[PDB]
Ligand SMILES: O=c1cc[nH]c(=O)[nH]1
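Just one chain follows, in the form solved without uracil (URA), and it is written as structure tokens.
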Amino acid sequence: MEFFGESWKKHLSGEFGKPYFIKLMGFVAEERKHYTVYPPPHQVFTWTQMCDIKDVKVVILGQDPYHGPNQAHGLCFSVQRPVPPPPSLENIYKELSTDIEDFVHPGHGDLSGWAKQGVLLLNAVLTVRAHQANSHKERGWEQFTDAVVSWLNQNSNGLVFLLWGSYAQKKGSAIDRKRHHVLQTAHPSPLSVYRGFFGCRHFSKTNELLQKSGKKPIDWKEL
């Protein structure tokens, strides 16, 4: 697989030969003949290029990639310059400013700095037709990302999973809470942020949990 991180390729290569995945790649290829699909080919697996698979420490599960021009770049919640941070990400920064004492709003929404430190920003569906939310759901991506979550669940220890919102909580329902830490709350979207996300303190809690398992904490201000 191209544009796919080496360490990830070594452990997930088995998925590449399965019927559902081969069908999925065919479907996405067909879609790109007739539509603009985001993210562009080289950014569909950005989440595998930022850090080694064994350096993953924290997992944040998302649902669908952004469907507007230049927004999605392979990481959930993240947008690259010059796109302004979406409402959900602004709410994430708000929580961070009250939770992590040294947090400074960077004025952009590119979360590459977190990905570099082992924060896996994984969407459940990895492509989308331009301007059409959820247009690529149930074509095989969910099985693939379930396989990625299953691999981490069984081959890693002491990961922190942040499950925000209904979709993420369902997808993360299979995580072994004896081996990993699971923090749950409402989605940071303006529509639900007041249902628990504000005040969840997931960022300091994550660092506290990482230390107790002997892992290096995330420097959340490092964006």
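One rule holds for the numbers: they count along the sequence shown, beginning at 1. Under this definition, the rigid core comprises the largest set of C-alpha atoms superposing within 1.5 Å between the forms.
Subject >> Core-fitted comparison in 6 other deposited structures of this protein, 51-59 vs 28-36, farther C-alphas >> reply: Greater root mean square C-alpha distance in 6 other deposited structures of this protein: 28-36.
Subject >> Of 130-138 and 116-124, which departs more from this form in 6 other deposited structures of this protein by CA RMS after core fitting >> reply: Of 116-124 and 130-138, the stretch deviating more in 6 other deposited structures of this protein is 130-138.
**OP:** Higher average CA B factor in the deposited record is what I'm after, so tell me if that's 97-105 or 110-118.
**Re:** 97-105 has the higher mean C-alpha B-factor.
Subject >> Which of 192-200 and 33-41 has higher mean CA B factor, as the PDB entry lists it >> reply: Mean B over CA atoms: larger for 33-41.
Subject >> Member of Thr48, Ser156, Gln63, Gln184 with the greatest C-alpha B factor (per the PDB record) >> reply: Highest C-alpha B-factor among the listed residues goes to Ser156.
**OP:** Could you tell me which third, lowest, middle or highest, the C-alpha B-factor of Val56 occupies within its chain?
**Re:** It falls in the middle third of the chain.
Original post:
Considering only modelled residues of the same chain, in which third does the CA B-factor of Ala133 rank: lowest, middle or highest?
Top reply: Highest third.
Original post:
Which third of the chain does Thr206 land in by C-alpha B-factor: lowest, middle or highest?
Top reply: Ranked within chain, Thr206 CA B lands in the lowest tercile.
**OP:** Determine, from the deposited record, the chain-internal third of the Cα B-factor for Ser166: lowest, middle or highest.
**Re:** Within its chain, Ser166 is a lowest-third residue by C-alpha B-factor, going by the deposited values.
Original post:
Taking the C-alpha B-factors as the PDB entry records them, is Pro87 in the lowest, middle or highest third of its chain?
Top reply: For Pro87, the deposited C-alpha B-factor lands in the middle third.
Omitted from view is the form solved in complex with uracil (URA), to which the following refers.
Subject >> Contact segment among 28-36, 56-64, 152-160, 42-50, judged by heavy atoms lying within 4.5 Å of uracil (URA) in the entry with it bound >> reply: Of the stretches listed, the one contacting the partner is 56-64.
**OP:** Decide whether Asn123 counts as a contact residue for uracil (URA) in the entry with it bound under a heavy atom distance cut-off of 4.5 Å.
**Re:** Output for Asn123 is yes: heavy atoms within 4.5 Å of uracil (URA).
Original post:
Heavy atoms within 4.5 Å of uracil (URA) in the entry with it bound: does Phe77 have any?
Top reply: Output for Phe77 is yes: heavy atoms within 4.5 Å of uracil (URA).
**OP:** May I ask you to check whether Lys171 falls inside a 4.5 Å heavy atom distance of uracil (URA) in the entry with it bound?
**Re:** Contact with uracil (URA), no.
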